[PDB]
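The structure under discussion appears below in the form of structure tokens.
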2 protein chains.
Amino acid sequence: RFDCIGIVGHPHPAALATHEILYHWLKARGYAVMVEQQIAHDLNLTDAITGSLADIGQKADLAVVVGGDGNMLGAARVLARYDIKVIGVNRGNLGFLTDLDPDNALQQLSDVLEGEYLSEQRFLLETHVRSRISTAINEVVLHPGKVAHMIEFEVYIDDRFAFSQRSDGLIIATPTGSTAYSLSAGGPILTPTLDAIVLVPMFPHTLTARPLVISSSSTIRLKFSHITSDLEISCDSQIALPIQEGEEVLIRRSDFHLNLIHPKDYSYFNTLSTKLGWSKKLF
Amino acid sequence: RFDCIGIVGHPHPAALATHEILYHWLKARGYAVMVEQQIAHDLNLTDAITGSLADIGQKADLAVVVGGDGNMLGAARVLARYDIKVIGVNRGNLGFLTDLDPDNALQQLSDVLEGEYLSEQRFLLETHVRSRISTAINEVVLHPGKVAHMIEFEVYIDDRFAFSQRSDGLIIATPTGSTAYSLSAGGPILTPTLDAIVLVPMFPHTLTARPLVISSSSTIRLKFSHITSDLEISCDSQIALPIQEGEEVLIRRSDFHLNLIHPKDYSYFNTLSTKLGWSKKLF
């Protein structure tokens, strides 16, 4: 059972009803509820217990993230610092982190609160530049400032030299990231709980480049020759950290884990197929 | 240390010198040697202790597989049934299972016998059709008899329906297989010790198909609609097992493990780069 439920998200104005309905529903069912500060203000919830995201993350037992997969992205990176259960309500179709359909959210959530849920752990990525420490649920991306600019770098795996590369950047994706930016760059789908990390080059210079899937207990090091162009590292499409001259990037499995939960009737492959347009049962 | 070394392989006639040199060298260094029956005959080794591959596999402590990666393929599938160390001498360049270069084989092997080796385990695939039980080091491939013939099937992962497919077949590859047939079908490279298995469709009917990387502790089930065309399963390009009507294919991690060893100066990424034509150290 969950004593304290938190409502997270940042609502255009018609997404507000969802927050409003959920807050009253959760409340009338006897739960203590923490809403995010912005939503309390937006809905004028004078009685509501509010808090920042970190607050909810420390004091709530479950966070219902309302919104899309992108909303979930910033929310998840924080809530993963904590031992809180996270579940999401999407808007319309299923997403890879949001599996409560709005048409049936309450009913499904009602069963989840009863304790009918599938609990799993998504791992995050950690990045140092050398120390700035940033994290990512989907991917870390190395890339220059100019769009079509070829860079050179060497890739070390577990302290040992793996390979050089001439290209426009490298994408490093978690299983959760594999269906994201990495997919659109020609990378493979990894199953969500897999202990793996995929490296996908962007516009490689040689024709023999291919997505490399490595163990998630592996360490990655980026070394660079010289800097007259601006190297940058992005984590989940948040603000690029500049990479200075003589600096290296260190990417590894983070110690923070997203404690996702799902309703019993959830399955990954069904989410995947509906998302990608795969064939359903044929006979 | 290794008491009993076995020489395995099937030698065109100039590959015979290698077998001949190795057998005398191993012998003069004090080892008990088991040669394969064919090679004993081919070299006229009247004193040699011989045996089938299974024999060497049960009685030798190390098998030196002379030849190419293809020679290693049949040899490995058998030697993996046993707790024997396996190392290979290639012919020319490095391969993914053969890392002793002929130009330096003895010297490197001499250090290996001293106990200077990196030991690792490649897992195999197991297939039932329902029961015929066959195994594979590289991949299992579902495909019809006619070359360009579209088939329909459903794929179950861990007893649950994953997705349907219309295509010309499915490749299911181990990490060791990932650099093989699967690669040429547009699949990704998996790192050799990774607990993963990759599914790669062949000529899919829908544009949204993509290599799927799943956990190696996962089970796979192929179900089919009807049979007027001849379905077949191939394991490591050996003779196709026919798949009758009402029959399903079951593919899972086999319990047999290839106990490969490597010399200290071996590294996967160096083998990979030389094989694929990747850039070496740039600075």
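Throughout, protein chains are lettered first and strands after them, A, B, ... in sequence-line order, and every chain is numbered starting at 1.
Comparing B:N270, B:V200, B:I214 by how many heavy-atom pairs each has under 4.5 Å with chain A, the most go to B:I214. Note on A:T191, A:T208, A:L199: by heavy-atom pairs under 4.5 Å with chain B, the leading option is A:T208. Contact tally against chain B (heavy-atom pairs below 4.5 Å) for A:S218, A:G187, A:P211: the top residue is A:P211. No other option in A:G277, A:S225, A:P192 has as many heavy-atom pairs under 4.5 Å with chain B as A:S225.
The part of B:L194 that comes within reach of chain A is its side chain, from C-beta onward, which places non-hydrogen atoms under 4.5 angstrom from that chain. The contact between B:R166 and chain A is made entirely by side chain atoms (from C-beta outward), counting heavy-atom distances below 4.5 Å. With a 4.5 Å cut-off on non-hydrogen atoms, B:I157 touches chain A through its side chain but not through its backbone.
Other residues, nucleotides and ligands contribute only 12 or fewer heavy atoms inside 6.0 Å of the OH atom of A:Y181. Atom NE2 of B:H205 has 12 or fewer heavy atoms from other residues, nucleotides or ligands within 6.0 Å.
In this structure, A:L212 and B:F269 have side chains that are in contact, with non-hydrogen atoms separated by less than 4.5 Å. Side-chain contact between B:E152 and A:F283 is present, with at least one heavy-atom pair separated by less than 4.5 Å.
Taking CG of B:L190 as the start and OG of A:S215 as the end, the distance is 12.0 Å to the nearest 0.5 Å. Taking CG of B:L207 as the start and CG of A:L276 as the end, the distance is 12.5 Å to the nearest 0.5 Å. Atom OG of A:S164 and atom CH2 of B:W278 lie 11.5 Å apart (nearest 0.5 Å).
Seen from the ring of B:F161, A:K281 counts as a face-on cation partner, given the 6.0 Å and 45° thresholds.
A donor-acceptor pair under 3.5 Å is formed between the side chain of B:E154 and the backbone N or O of A:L282.
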